[PDB]
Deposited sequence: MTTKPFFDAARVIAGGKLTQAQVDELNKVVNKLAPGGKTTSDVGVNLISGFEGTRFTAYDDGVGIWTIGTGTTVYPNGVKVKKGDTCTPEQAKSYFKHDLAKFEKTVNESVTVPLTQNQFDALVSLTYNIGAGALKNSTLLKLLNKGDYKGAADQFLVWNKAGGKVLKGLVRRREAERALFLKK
């Protein structure tokens, strides 16, 4: 299958940010590194955790491989590298279950690229529509549609 490109890694990194002490992501999930919330050994990120640049790099790479596998195994239609990057970013933010259950994936796997691109935009909620999620879904949709 495919792997995330430098473009997709940079998109994800830019929207996740990088921090080396654990912080609450706003919805109550403690986060560290570049958006890490679960360490590769299954341990949850908790308040007071600290990490080094190399450790954040390792956690980011592990989770990238995980969501790359999710996308490669869930999507049954051809993808450009742009679309794969966008879908990996989305799934990184929303999770594998949310992707697999989304109408986005239903439309995508019916071959309805435009419908899936537009379905990117419905994932802007904090449980509140946050603006950062709005901008992120818009940027991901734009990458997904870029040829």
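**Student:** Any chance you could give me the deposited-sequence numbering of all the stretches lacking C-alphas?
**Tutor:** Several regions go unmodelled: 1-36, 164.
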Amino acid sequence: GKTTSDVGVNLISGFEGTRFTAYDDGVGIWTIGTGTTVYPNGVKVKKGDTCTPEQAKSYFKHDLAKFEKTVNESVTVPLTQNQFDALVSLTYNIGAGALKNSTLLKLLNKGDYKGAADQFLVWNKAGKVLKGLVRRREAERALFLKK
From here on, numbers count along this sequence of modelled residues.
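**Student:** Mean Cα B factor from the PDB record: higher for 41-49, or higher for 93-101?
**Tutor:** Looking at the record's C-alpha B-factors, the answer is 93-101.
**Student:** Once you work out the mean C-alpha B-factor for both 118-126 and 64-72 from the entry, which is higher?
**Tutor:** In the deposited entry, the stretch with the higher C-alpha B-factor mean is 118-126.
**Student:** Considering every modelled residue of the chain and its Cα B-factor in the PDB entry, is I12 in the lowest, middle or highest third?
**Tutor:** It falls in the middle third of the chain.
**Student:** Going by what the PDB entry lists, where does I32 fall on CA B-factor within its chain: lowest, middle or highest third?
**Tutor:** Within its chain, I32 is a lowest-third residue by C-alpha B-factor, going by the deposited values.
**Student:** According to the PDB entry, is the CA B factor of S5 in the bottom, middle or top third of its chain, that is, lowest, middle or highest?
**Tutor:** Within its chain, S5 is a middle-third residue by C-alpha B-factor, going by the deposited values.
**Student:** Sort the modelled residues of this chain by their C-alpha B factor and say whether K110 lands in the lowest, middle or highest third.
**Tutor:** Ranked within chain, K110 CA B lands in the middle tercile.
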